[PDB]
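Written below as structure tokens is the structure these notes are about.
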Amino acid sequence: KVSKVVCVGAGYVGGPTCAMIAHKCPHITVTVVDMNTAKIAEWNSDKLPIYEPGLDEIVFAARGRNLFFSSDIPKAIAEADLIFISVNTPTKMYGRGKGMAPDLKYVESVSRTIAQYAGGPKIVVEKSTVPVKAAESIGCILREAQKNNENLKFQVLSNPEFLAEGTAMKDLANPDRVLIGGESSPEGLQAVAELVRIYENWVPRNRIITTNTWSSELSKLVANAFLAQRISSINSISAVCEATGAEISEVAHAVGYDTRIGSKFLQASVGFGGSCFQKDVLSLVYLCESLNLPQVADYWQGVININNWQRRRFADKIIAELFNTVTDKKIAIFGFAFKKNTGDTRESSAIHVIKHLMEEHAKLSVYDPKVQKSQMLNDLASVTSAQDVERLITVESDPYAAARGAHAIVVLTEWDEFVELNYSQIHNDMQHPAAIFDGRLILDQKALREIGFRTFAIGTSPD
Amino acid sequence: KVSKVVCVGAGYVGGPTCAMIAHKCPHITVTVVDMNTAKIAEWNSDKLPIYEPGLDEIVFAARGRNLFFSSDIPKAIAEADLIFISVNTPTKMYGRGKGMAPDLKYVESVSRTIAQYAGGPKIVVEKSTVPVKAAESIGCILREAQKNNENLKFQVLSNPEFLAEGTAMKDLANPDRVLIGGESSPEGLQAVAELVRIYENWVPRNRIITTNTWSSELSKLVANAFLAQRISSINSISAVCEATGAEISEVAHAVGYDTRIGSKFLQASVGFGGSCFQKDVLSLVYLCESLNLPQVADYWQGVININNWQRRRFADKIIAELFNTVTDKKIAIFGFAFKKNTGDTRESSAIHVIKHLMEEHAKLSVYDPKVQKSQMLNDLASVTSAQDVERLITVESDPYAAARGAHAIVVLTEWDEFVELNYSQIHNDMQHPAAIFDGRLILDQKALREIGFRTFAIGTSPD
Amino acid sequence: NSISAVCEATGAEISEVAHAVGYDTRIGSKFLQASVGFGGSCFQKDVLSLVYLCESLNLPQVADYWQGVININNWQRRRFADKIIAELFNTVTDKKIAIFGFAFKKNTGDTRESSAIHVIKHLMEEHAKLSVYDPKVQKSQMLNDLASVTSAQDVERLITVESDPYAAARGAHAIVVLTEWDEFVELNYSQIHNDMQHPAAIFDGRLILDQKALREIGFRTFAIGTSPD
Ligand SMILES: O=c1ccn([C@@H]2O[C@H](COP(=O)(O)OP(=O)(O)O[C@H]3OC[C@@H](O)[C@H](O)[C@H]3O)[C@@H](O)[C@H]2O)c(=O)[nH]1
Ligand SMILES: O=c1ccn([C@@H]2O[C@H](COP(=O)(O)OP(=O)(O)O[C@H]3OC[C@@H](O)[C@H](O)[C@H]3O)[C@@H](O)[C@H]2O)c(=O)[nH]1
Ligand SMILES: O=c1ccn([C@@H]2O[C@H](COP(=O)(O)OP(=O)(O)O[C@H]3OC[C@@H](O)[C@H](O)[C@H]3O)[C@@H](O)[C@H]2O)c(=O)[nH]1
Ligand SMILES: O=c1ccn([C@@H]2O[C@H](COP(=O)(O)OP(=O)(O)O[C@H]3OC[C@@H](O)[C@H](O)[C@H]3O)[C@@H](O)[C@H]2O)c(=O)[nH]1
Ligand SMILES: O=c1ccn([C@@H]2O[C@H](COP(=O)(O)OP(=O)(O)O[C@H]3OC[C@@H](O)[C@H](O)[C@H]3O)[C@@H](O)[C@H]2O)c(=O)[nH]1
């Protein structure tokens, strides 16, 4: 029976996951470790290294009791009964599968430390949002360790995470499902049962799916791709609505009435972001190519092609509607995170849209309620340059200051705060005529028009 | 208030729809008309021209009371309050959008007939499963008619049909949504109000969507495409399962637990059929190309590409597993309809699969519980030839006669009857070794393996 | 070499096929030894010279025919390096890989058109750190060869040359055999296995090692012309 859980990786996955375990399992001790010593110190402070609604209350109530953050990875490894691995698998920027395949270097190095410091039987659980052959590389390394020293009985399991950032605590406390994969053997079934037993402290058995290792990873890979496909499908139709005088919001509403389709994840946008979806579909495309399934690869590649096309055509419409010139024009950007209720900016559509406007020599004032300032500048500099950010980018802590004197507003993240702003007062303090471009479909187009905006929105005909 | 309903078109749409209207509206007289007087006679005989579960009880229940099938089109039109148009819009086999766009020649002719014989104000409602600009052509003709003879006050509505065949009576009685589009004017809103009034005799208000005409048609066109994309998405992953040793049934089960995705319409198959999905997706592709949106057109084209690829690779695997030769081998085919619980064969996957086996000079014995023999032979002759069908095709009324002496069984339609067969008796009376290929995932592979079959199924690795 | 891929895909052994093929005196039994690809200052230059002669004689069909000899050789080198990377979970980033052999064949210091150059470059482009041992090739010759296809700086950070095969293999994740030196047969592969990272992989591009013996030592062992199962 597991009573000591360790997780290597104190990120958006590892942190929240362990916090919920400690919150729901009083008799389990949870220790989170990370190579980043400064990041662990933040987890132990009153300002956590990430923003998640409800995370502070959960962590502060468990930290020091049964939830711990340490930088002594070997000590945690040695004392664990079960060890989560939740580290990066950054995409390969060279070689085979360049720009498509994950690089497993971190997963393997952690596995070697586990082999080096386990000192006894361990259950090792790979937990990420895009697992593709990651558990197989852990098992490869661990099997050898057992082979070389039979005192180290290791069972490797696959338990991908399903949380969405911004709703992580709600998702972790009441998941639609829990997916666990392991080898079909006596020791494998026992290890799965002990992980199931942990989740059964708060997850009903009928929502826990157990299978083999590869099925678990493939199901996660396919599930993520299905979600991205819904977004790209409704986004592709948003262009049809603009061209024919229909409203994508009405089309999505009518489509969702079919219970066979479902009504969720039919919200058009400037394009999906996040560390999961693009990496996931490209990983599926790369997997299919390596299996000699070109037909399949082409099918799923369309989800990425539409996403890139949606971002590009949105930025182009901004420029075209401003008479093809934004040179030296101040433009306010509402939103930088890839979705609301998070400070995470990985693969945010705001990065690509702002870059396009920078290439037009616009001066951009960006506001986001939660994204760190240094994070925005590093993101923008890595796609352009440090100098380009210095001349063109201004970061504001107040949306009215960003809009003051601006020629245009661009909404890129669906923060609820952006709905409740005083757009009448904003219109008085902008340059005239004032334009606004809604890339998230959260604003009242008719009301903005009556205020006097030249107003535009994805999925609405520009006239 | 409407009390006299006419529908021009006594097919799979017009017939069932009118039956349900009469069944739920005792005070409304519904007359179904059709150019085919022979088809009308079948509606008036004890063998209805289509098979739909529960349809026989309902028509029979009212055939003669308030529901009638007539061949006198002018008298029915002149006496009607509301007129459904549910006729064919066959795909163009030449000229612009050849093999992609519908031919509205019949819809137009019907509108002209209505104009000639209305003799008074009428509500005209275009009702089909793939509406694309059909209602606008009706209105173009009828608006002209009104202008010329002002006595004729016409209002054209779009009311797509949401039923799925095989479950038509249940769908018509409890639809997920009723979609109605109309002109935004006093007369337009009133015309919608009276059609909404009809459906409210048995459909709750919260499932009735009212919008403008074009929004109604685009919503139906997009909803069908979303449905087809789910099937193509799961079919593409079934090849990944075959290549990597996973089971598509397990993957689909795990995917469907996400309420954002939904668990329905994830059943893999040899490929989707029916007069709707392919016609609809190709119609969307053509619409996009016309709007200068190749990007969008290409995205949705992938749904068709996968469907063709799924049929092709399934037939290719059958031949490859029989050592690349089926010359003069008897092969039993279980299923010909495009889905279960219907006699409809339009765009059935069995047509293309049987054609592939015919080109390999196989002798095929086909059994389907409901498809007319003459229907199969005409379908197969139109893609090959009457002479080819004579030499290679045998139609059986008994599945055991089809399987007797066969080298292989190929399951193409998910009829419940195929599960409950005595596969021990079938195995004993087949050639040995006996092979079986499940293109619908309805059979127990382990059980077939235990009987002694060389057994295969889409989405299961063939070893 | 082209048939060696067919063996890998269907579970046959290229050594056995070559042995059976060579028993026909009309074919002859010599020169049927599979490899990562032929090298030397002669063959590639010669076939390319023959191809060019045929093009100038307006004999393209003939030119296309002989060009296939070069195409397969390049394809054999590329797919071998790709198999190394794919078998190591598609990542060799910063992994130490030992290279056994640099000369284009055994019993010479000549490196001209050696297949080892092309294979090492592919591993360099994957950011692997390569430790090279060859019994006769000059150290300066290897470094100049590798730098001329990549860059001097790339060679400085990624290439180290050893005078002892055990030093090259010490701490390595994989062994890659590229030249058929007899010395490589009689090495102590158990001691090498103990001093490598675990699990240890070995890729035989010359078909000189005993696969069954390497497997029993505990290697993940691979060889051109043997199915990796
Ligand atoms: O060797 C390592 C590598 C990485 N890490 C740590 O692992 C953590 C990774 O967390 P991140 O927030 O970067 O990523 P997430 O936890 O959100 O993971 C998610 O996105 C990145 C993808 O590669 C993962 O597959 C996915 O689960 C970092 O804090 C990093 O410091 C180690 O502790 N050791
Ligand atoms: O309807 C929608 C839904 C989502 N999106 C966008 O798509 C992106 C992803 O949004 P999600 O809510 O899925 O957030 P995440 O990317 O964190 O979660 C996703 O990846 C990790 C998996 O474990 C989750 O199950 C999956 O939802 C965001 O950029 C969001 O703005 C839309 O544009 N429209
Ligand atoms: O001018 C005409 C043409 C055709 N018809 C009749 O209308 C009936 C059409 O019924 P079908 O079963 O062929 O078609 P459905 O009712 O299933 O309609 C469905 O498939 C065909 C597509 O064109 C439609 O868009 C779709 O809704 C036929 O019986 C035909 O004889 C007329 O009454 N008048
Ligand atoms: O999970 C599935 C679902 C369906 N299918 C196949 O897809 C094809 C379509 O079957 P449907 O159940 O959609 O039947 P229909 O085509 O008659 O109905 C469809 O078109 C008319 C619309 O009004 C309906 O809403 C739509 O479902 C069938 O061949 C079926 O076998 C699958 O292969 N897998
Ligand atoms: O069976 C074999 C034989 C040779 N090879 C390779 O082919 C390449 C050539 O080796 P050789 O033994 O032909 O050596 P050389 O290239 O020096 O001689 C060759 O070119 C010069 C001519 O004069 C010689 O007659 C010719 O043999 C080497 O890379 C060798 O490893 C194989 O891969 N398999």
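Just so we're on the same page: first chain in the structure tokens is A, next is B, and so on; residues restart at 1 for each chain, and ligands are numbered from 1 in the order they show up.
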Quiz item: Per DSSP on the backbone, what are the strand (DSSP E or B) residues of segment 195-414 of chain B, as a ChimeraX atom specification?
Solution: /B:208-211,247,330-334,363-367,393-395,408-411
Would you save the residues from that selection as a JSON list (two decimals), in the first residue's frame, using C-alpha atoms?
[["chain", "number", "residue", "atom", "x", "y", "z"],
["B", 208, "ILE", "CA", -36.74, 24.35, -31.78],
["B", 209, "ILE", "CA", -34.21, 26.77, -33.25],
["B", 210, "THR", "CA", -35.47, 29.71, -35.28],
["B", 211, "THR", "CA", -33.08, 31.76, -37.41],
["B", 247, "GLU", "CA", -7.66, -2.06, -29.99],
["B", 330, "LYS", "CA", -16.55, -18.21, -53.00],
["B", 331, "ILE", "CA", -16.84, -15.34, -50.52],
["B", 332, "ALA", "CA", -19.94, -14.73, -48.41],
["B", 333, "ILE", "CA", -20.91, -11.11, -47.82],
["B", 334, "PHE", "CA", -22.90, -10.35, -44.66],
["B", 363, "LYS", "CA", -17.51, -15.32, -56.58],
["B", 364, "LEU", "CA", -19.61, -13.41, -54.05],
["B", 365, "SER", "CA", -22.72, -14.61, -52.20],
["B", 366, "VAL", "CA", -24.49, -11.64, -50.61],
["B", 367, "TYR", "CA", -27.04, -11.73, -47.81],
["B", 393, "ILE", "CA", -22.83, -12.28, -57.99],
["B", 394, "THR", "CA", -25.26, -14.57, -56.17],
["B", 395, "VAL", "CA", -27.98, -13.17, -53.88],
["B", 408, "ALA", "CA", -14.20, -16.26, -46.33],
["B", 409, "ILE", "CA", -16.91, -14.21, -44.61],
["B", 410, "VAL", "CA", -16.90, -10.41, -44.89],
["B", 411, "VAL", "CA", -19.16, -8.48, -42.50]]
Exercise. Write out as number ranges by chain each polymer residue (protein, DNA or RNA) that has an atom no more than 9 Å from ligand 2, with only C-alpha atoms and all ligand atoms counted.
Key: A: 13, 128-130, 160-168, 171, 220, 223-224, 227-228, 230-232, 234-235, 264-277, 280, 337-340, 347-349, 413-414, 440; B: 258, 260
How would the residues just chosen look if you wrote them out with N, CA and C atoms as a compact mmCIF listing (two decimals), in the first residue's frame?
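Output saved as part_30.txt:
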# COMPACT_ATOMS: atom_id res chain seq x y z
N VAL A 13 1.84 20.39 -14.40
CA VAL A 13 1.26 19.07 -14.18
C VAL A 13 1.59 18.56 -12.78
N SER A 128 2.07 12.83 -17.90
CA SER A 128 2.18 14.04 -18.70
C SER A 128 0.92 14.16 -19.55
N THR A 129 0.79 15.29 -20.25
CA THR A 129 -0.36 15.50 -21.11
C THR A 129 -0.16 14.98 -22.52
N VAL A 130 1.08 14.84 -22.98
CA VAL A 130 1.36 14.22 -24.27
C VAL A 130 2.39 13.11 -24.11
N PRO A 160 -1.57 9.20 -17.92
CA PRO A 160 -1.53 10.59 -18.39
C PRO A 160 -2.48 11.54 -17.72
N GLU A 161 -2.13 12.80 -17.65
CA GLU A 161 -3.05 13.72 -17.00
C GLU A 161 -4.10 14.28 -17.96
N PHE A 162 -5.26 14.62 -17.42
CA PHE A 162 -6.35 15.17 -18.23
C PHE A 162 -6.75 16.58 -17.83
N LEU A 163 -6.12 17.15 -16.81
CA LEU A 163 -6.46 18.50 -16.39
C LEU A 163 -6.24 19.48 -17.54
N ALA A 164 -7.08 20.50 -17.58
CA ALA A 164 -6.85 21.65 -18.42
C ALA A 164 -6.44 22.80 -17.52
N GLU A 165 -5.41 23.54 -17.95
CA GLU A 165 -4.97 24.67 -17.15
C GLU A 165 -6.07 25.71 -17.10
N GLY A 166 -6.10 26.46 -16.00
CA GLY A 166 -7.19 27.36 -15.69
C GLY A 166 -8.31 26.71 -14.91
N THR A 167 -8.52 25.40 -15.08
CA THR A 167 -9.53 24.65 -14.33
C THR A 167 -8.92 23.42 -13.67
N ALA A 168 -7.63 23.48 -13.33
CA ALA A 168 -6.91 22.28 -12.91
C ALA A 168 -7.48 21.70 -11.62
N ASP A 171 -10.74 20.05 -12.34
CA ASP A 171 -10.53 18.84 -13.12
C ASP A 171 -9.90 17.74 -12.28
N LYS A 220 -4.63 8.83 -24.83
CA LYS A 220 -4.40 10.24 -24.51
C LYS A 220 -4.02 11.02 -25.76
N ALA A 223 -7.17 11.43 -27.81
CA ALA A 223 -8.14 12.30 -27.15
C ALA A 223 -7.77 13.77 -27.32
N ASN A 224 -6.50 14.10 -27.10
CA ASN A 224 -6.05 15.47 -27.32
C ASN A 224 -6.28 15.90 -28.77
N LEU A 227 -9.93 16.85 -29.46
CA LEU A 227 -10.27 18.17 -28.93
C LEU A 227 -9.76 19.28 -29.84
N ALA A 228 -8.50 19.19 -30.26
CA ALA A 228 -7.97 20.20 -31.17
C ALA A 228 -8.76 20.24 -32.47
N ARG A 230 -12.01 19.66 -32.93
CA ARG A 230 -13.25 20.42 -32.76
C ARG A 230 -12.99 21.91 -32.93
N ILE A 231 -11.91 22.41 -32.34
CA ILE A 231 -11.60 23.83 -32.42
C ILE A 231 -11.30 24.22 -33.86
N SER A 232 -10.43 23.45 -34.53
CA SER A 232 -10.09 23.77 -35.91
C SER A 232 -11.29 23.65 -36.83
N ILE A 234 -14.58 24.22 -36.04
CA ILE A 234 -15.44 25.39 -35.89
C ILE A 234 -14.71 26.64 -36.38
N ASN A 235 -13.38 26.68 -36.25
CA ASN A 235 -12.62 27.82 -36.75
C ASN A 235 -12.65 27.89 -38.27
N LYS A 264 -19.86 21.18 -26.28
CA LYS A 264 -18.67 21.79 -25.73
C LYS A 264 -17.55 21.86 -26.77
N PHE A 265 -16.59 22.74 -26.50
CA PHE A 265 -15.41 22.90 -27.35
C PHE A 265 -15.81 23.24 -28.78
N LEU A 266 -16.81 24.11 -28.91
CA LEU A 266 -17.24 24.62 -30.20
C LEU A 266 -17.16 26.14 -30.22
N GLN A 267 -16.19 26.69 -29.49
CA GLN A 267 -16.00 28.13 -29.36
C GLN A 267 -14.86 28.58 -30.28
N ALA A 268 -15.21 29.32 -31.33
CA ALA A 268 -14.22 29.85 -32.26
C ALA A 268 -13.26 30.81 -31.56
N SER A 269 -12.07 30.96 -32.14
CA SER A 269 -11.02 31.75 -31.51
C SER A 269 -9.96 32.09 -32.55
N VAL A 270 -9.04 32.97 -32.16
CA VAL A 270 -7.89 33.30 -32.99
C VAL A 270 -7.01 32.07 -33.21
N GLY A 271 -7.13 31.06 -32.37
CA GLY A 271 -6.43 29.81 -32.57
C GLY A 271 -6.08 29.21 -31.22
N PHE A 272 -6.06 27.89 -31.16
CA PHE A 272 -5.76 27.25 -29.90
C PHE A 272 -4.28 27.37 -29.58
N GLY A 273 -3.98 27.45 -28.29
CA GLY A 273 -2.61 27.46 -27.81
C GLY A 273 -2.41 26.41 -26.74
N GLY A 274 -1.35 26.55 -25.96
CA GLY A 274 -1.06 25.59 -24.92
C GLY A 274 0.05 24.62 -25.31
N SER A 275 0.70 24.07 -24.29
CA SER A 275 1.79 23.13 -24.49
C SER A 275 1.33 21.75 -24.92
N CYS A 276 0.02 21.51 -25.02
CA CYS A 276 -0.51 20.19 -25.32
C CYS A 276 -0.89 19.99 -26.78
N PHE A 277 -1.79 20.83 -27.31
CA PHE A 277 -2.51 20.47 -28.54
C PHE A 277 -1.60 20.42 -29.76
N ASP A 280 0.79 17.72 -29.51
CA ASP A 280 0.12 16.43 -29.58
C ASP A 280 -0.20 16.04 -31.01
N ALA A 337 -1.98 35.35 -22.32
CA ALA A 337 -2.01 33.93 -22.01
C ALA A 337 -2.80 33.17 -23.08
N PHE A 338 -2.53 31.87 -23.19
CA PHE A 338 -3.19 31.08 -24.22
C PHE A 338 -4.65 30.79 -23.92
N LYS A 339 -5.09 31.05 -22.69
CA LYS A 339 -6.50 30.95 -22.32
C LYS A 339 -6.66 31.72 -21.01
N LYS A 340 -7.90 31.83 -20.55
CA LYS A 340 -8.15 32.62 -19.36
C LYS A 340 -7.81 31.83 -18.10
N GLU A 347 2.84 28.56 -26.45
CA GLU A 347 2.14 28.47 -27.73
C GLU A 347 0.91 29.35 -27.80
N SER A 348 0.86 30.42 -27.00
CA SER A 348 -0.27 31.33 -27.06
C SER A 348 -0.37 31.96 -28.44
N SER A 349 -1.60 32.04 -28.95
CA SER A 349 -1.82 32.70 -30.23
C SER A 349 -1.42 34.17 -30.18
N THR A 413 -7.34 36.91 -25.54
CA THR A 413 -7.61 35.94 -24.49
C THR A 413 -8.93 36.29 -23.83
N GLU A 414 -9.75 35.28 -23.57
CA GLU A 414 -11.14 35.48 -23.15
C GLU A 414 -11.31 35.78 -21.66
N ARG A 440 -11.89 36.49 -29.61
CA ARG A 440 -12.42 35.51 -28.68
C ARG A 440 -13.94 35.54 -28.57
N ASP B 258 -14.64 11.68 -22.11
CA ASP B 258 -14.56 13.13 -22.04
C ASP B 258 -15.87 13.73 -22.53
N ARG B 260 -16.51 16.65 -23.09
CA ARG B 260 -16.24 17.64 -24.14
C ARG B 260 -16.19 17.00 -25.52
Practice problem: Using backbone DSSP assignments, extract all alpha helix (DSSP H) residues from segment 160-315 of chain A; output them as a ChimeraX atom specification. | Solution: /A:168-173,186-199,213-244,248-255,277-290,294-315
Hey, what's within 7 Å of residue 426 of chain A if we count only C-alpha atoms and toss same-chain stuff fewer than 4 positions away? As a PDB file with N, CA and C atoms, in the first residue's frame, please?
ATOM      1  N   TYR A 400      -6.821  50.221 -19.242  1.00  0.00           N
ATOM      2  CA  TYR A 400      -7.182  51.553 -19.705  1.00  0.00           C
ATOM      3  C   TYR A 400      -5.956  52.347 -20.130  1.00  0.00           C
ATOM      4  N   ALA A 403      -5.101  51.123 -23.587  1.00  0.00           N
ATOM      5  CA  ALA A 403      -6.011  51.615 -24.613  1.00  0.00           C
ATOM      6  C   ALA A 403      -5.942  53.129 -24.785  1.00  0.00           C
ATOM      7  N   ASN A 422     -15.234  49.418 -19.176  1.00  0.00           N
ATOM      8  CA  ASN A 422     -16.028  50.575 -19.596  1.00  0.00           C
ATOM      9  C   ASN A 422     -15.600  50.961 -21.007  1.00  0.00           C
ATOM     10  N   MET A 430      -9.461  56.908 -26.900  1.00  0.00           N
ATOM     11  CA  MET A 430      -8.724  56.377 -28.036  1.00  0.00           C
ATOM     12  C   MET A 430      -8.609  57.409 -29.151  1.00  0.00           C
TER      13      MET A 430
END
Practice problem: Compare A:157, A:371, A:107, A:421 by their minimum atom-to-atom distance to chain C, counting only C-alpha atoms, and give me the closest one. | Solution: A:107
Exercise. Could I get the residue neighbourhood of ligand 5 at 8 Å, counting only C-alpha atoms and all ligand atoms, as an NGL selection string?
Key: :C and (30-43 or 104-106 or 114-115 or 179-180 or 206)
Practice problem: Please report as a PyMOL selection string which residues of chain C come no farther than 6 Å from chain A, using only C-alpha atoms. | Solution: chain C and resi 91+126+199
Go ahead and write the residues just picked, N, CA, C and O atoms, as a short mmCIF file (atom, residue, chain, number, x, y, z; two decimals), in the first residue's frame.
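Contents of the output file part_15.cif:
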data_model
loop_
_atom_site.label_atom_id
_atom_site.label_comp_id
_atom_site.auth_asym_id
_atom_site.auth_seq_id
_atom_site.Cartn_x
_atom_site.Cartn_y
_atom_site.Cartn_z
N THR C 91 16.35 9.83 -29.56
CA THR C 91 17.14 10.88 -28.94
C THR C 91 18.53 10.35 -28.60
O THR C 91 18.67 9.31 -27.95
N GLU C 126 22.57 15.23 -34.60
CA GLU C 126 21.68 14.90 -33.49
C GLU C 126 22.29 15.27 -32.14
O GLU C 126 21.75 14.87 -31.11
N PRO C 199 20.64 0.46 -20.27
CA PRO C 199 21.04 -0.64 -21.15
C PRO C 199 22.03 -0.19 -22.23
O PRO C 199 22.02 0.96 -22.64
#
Practice problem: Using only C-alpha atoms and all ligand atoms, find each residue with an atom at most 7 Å away from ligand 3 and format the answer as a count of residues only. | Solution: 28
Quiz prompt | chain B contacts to chain A at 6 Å (only C-alpha atoms) as a VMD selection string | solution = chain B and resid 176 215 219 223 236 246 251 255 258 260 262 264 296 299 302
Let's have the selection written as a PDB file, in the first residue's frame, with C-alpha atoms.
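Contents of the output file part05.pdb:
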ATOM      1  CA  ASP B 176     -32.521  16.628 -30.505  1.00  0.00           C
ATOM      2  CA  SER B 215     -28.223  30.170 -41.204  1.00  0.00           C
ATOM      3  CA  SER B 219     -26.025  24.859 -39.728  1.00  0.00           C
ATOM      4  CA  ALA B 223     -23.610  19.555 -38.410  1.00  0.00           C
ATOM      5  CA  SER B 236      -7.933   6.840 -39.218  1.00  0.00           C
ATOM      6  CA  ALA B 246      -3.910  -1.531 -29.726  1.00  0.00           C
ATOM      7  CA  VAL B 251      -9.277   3.781 -27.569  1.00  0.00           C
ATOM      8  CA  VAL B 255     -11.853   8.957 -25.635  1.00  0.00           C
ATOM      9  CA  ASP B 258     -14.555  13.134 -22.035  1.00  0.00           C
ATOM     10  CA  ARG B 260     -16.240  17.635 -24.137  1.00  0.00           C
ATOM     11  CA  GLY B 262     -18.991  12.820 -26.233  1.00  0.00           C
ATOM     12  CA  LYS B 264     -21.436   8.648 -29.455  1.00  0.00           C
ATOM     13  CA  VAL B 296     -11.086  25.278 -45.537  1.00  0.00           C
ATOM     14  CA  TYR B 299      -9.472  20.551 -44.433  1.00  0.00           C
ATOM     15  CA  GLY B 302      -9.769  14.993 -45.638  1.00  0.00           C
TER      16      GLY B 302
END
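Across the structure, atom CA of residue 69 of chain B and atom CA of residue 193 of chain B are spaced 26.9 Å apart.
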Self-check item: Selection: 12 Å around residue 181 of chain C, only C-alpha atoms, excl. self and same-chain fewer than 6 positions, as number ranges by chain
Solution: C: 100-109, 133-137, 165, 187, 205-209
Quiz item: Which polymer residues have any atom within 9 Å of an atom of segment 383-389 of chain A, counting only C-alpha atoms, with same-chain residues fewer than 4 positions away left out, as a PyMOL selection string?
Solution: chain A and resi 351-352+355+358-359+377-379+393-394
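When only C-alpha atoms and all ligand atoms are used to measure the gap to ligand 1, the shortest distance among A:23, A:279, A:2, A:169 belongs to A:279.
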Self-check item: Neighbour list for segment 61-65 of chain B as an MDAnalysis selection string, cut-off 10 Å, only C-alpha atoms, skip fewer than 2 positions in-chain
Solution: chainID B and resid 19 22:23 26 29:30 43:45 55:59 67:69
With N, CA, C and O atoms retained, could you export that selection as a short mmCIF file (atom, residue, chain, number, x, y, z; two decimals), in the first residue's frame?
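Generated file (part-v1.cif):
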data_model
loop_
_atom_site.label_atom_id
_atom_site.label_comp_id
_atom_site.auth_asym_id
_atom_site.auth_seq_id
_atom_site.Cartn_x
_atom_site.Cartn_y
_atom_site.Cartn_z
N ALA B 19 -45.74 10.90 -41.96
CA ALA B 19 -46.36 9.92 -41.07
C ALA B 19 -46.35 10.41 -39.63
O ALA B 19 -47.37 10.29 -38.93
N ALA B 22 -48.95 13.34 -39.09
CA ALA B 22 -50.31 12.82 -38.94
C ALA B 22 -50.48 12.09 -37.62
O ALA B 22 -51.53 12.20 -36.97
N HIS B 23 -49.46 11.34 -37.20
CA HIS B 23 -49.55 10.54 -35.98
C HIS B 23 -49.69 11.43 -34.75
O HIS B 23 -50.31 11.02 -33.76
N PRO B 26 -53.84 15.17 -34.81
CA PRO B 26 -55.12 14.60 -35.28
C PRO B 26 -55.93 15.54 -36.16
O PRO B 26 -56.69 15.07 -37.01
N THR B 29 -54.72 17.41 -41.90
CA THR B 29 -54.73 16.48 -43.02
C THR B 29 -53.41 16.59 -43.77
O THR B 29 -53.02 17.68 -44.20
N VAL B 30 -52.72 15.46 -43.92
CA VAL B 30 -51.41 15.42 -44.57
C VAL B 30 -51.52 14.55 -45.82
O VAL B 30 -51.95 13.39 -45.75
N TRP B 43 -47.10 2.91 -51.37
CA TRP B 43 -47.50 3.53 -50.11
C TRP B 43 -48.94 3.20 -49.76
O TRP B 43 -49.29 3.14 -48.58
N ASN B 44 -49.78 2.95 -50.77
CA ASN B 44 -51.18 2.61 -50.56
C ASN B 44 -51.41 1.10 -50.49
O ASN B 44 -52.56 0.67 -50.37
N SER B 45 -50.35 0.30 -50.58
CA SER B 45 -50.45 -1.15 -50.50
C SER B 45 -49.87 -1.60 -49.16
O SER B 45 -49.32 -0.81 -48.39
N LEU B 55 -42.39 2.19 -38.89
CA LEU B 55 -43.07 2.93 -39.92
C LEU B 55 -44.37 2.28 -40.37
O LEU B 55 -45.36 2.93 -40.63
N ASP B 56 -44.33 0.97 -40.48
CA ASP B 56 -45.48 0.24 -40.92
C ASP B 56 -46.65 0.42 -39.99
O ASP B 56 -47.75 0.57 -40.46
N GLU B 57 -46.43 0.42 -38.69
CA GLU B 57 -47.52 0.59 -37.78
C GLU B 57 -48.18 1.92 -37.92
O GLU B 57 -49.39 2.02 -38.00
N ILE B 58 -47.39 2.97 -37.98
CA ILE B 58 -47.91 4.30 -38.09
C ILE B 58 -48.63 4.67 -39.36
O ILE B 58 -49.65 5.30 -39.30
N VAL B 59 -48.11 4.30 -40.52
CA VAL B 59 -48.80 4.62 -41.76
C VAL B 59 -50.10 3.86 -41.81
O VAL B 59 -51.14 4.38 -42.17
N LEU B 67 -53.99 10.85 -43.50
CA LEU B 67 -52.76 10.81 -44.19
C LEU B 67 -53.10 10.09 -45.44
O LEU B 67 -53.69 9.06 -45.37
N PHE B 68 -52.71 10.62 -46.58
CA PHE B 68 -53.02 9.97 -47.82
C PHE B 68 -51.87 10.05 -48.79
O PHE B 68 -51.01 10.88 -48.68
N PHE B 69 -51.88 9.16 -49.74
CA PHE B 69 -50.86 9.12 -50.72
C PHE B 69 -51.61 9.21 -52.00
O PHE B 69 -52.40 8.36 -52.32
#
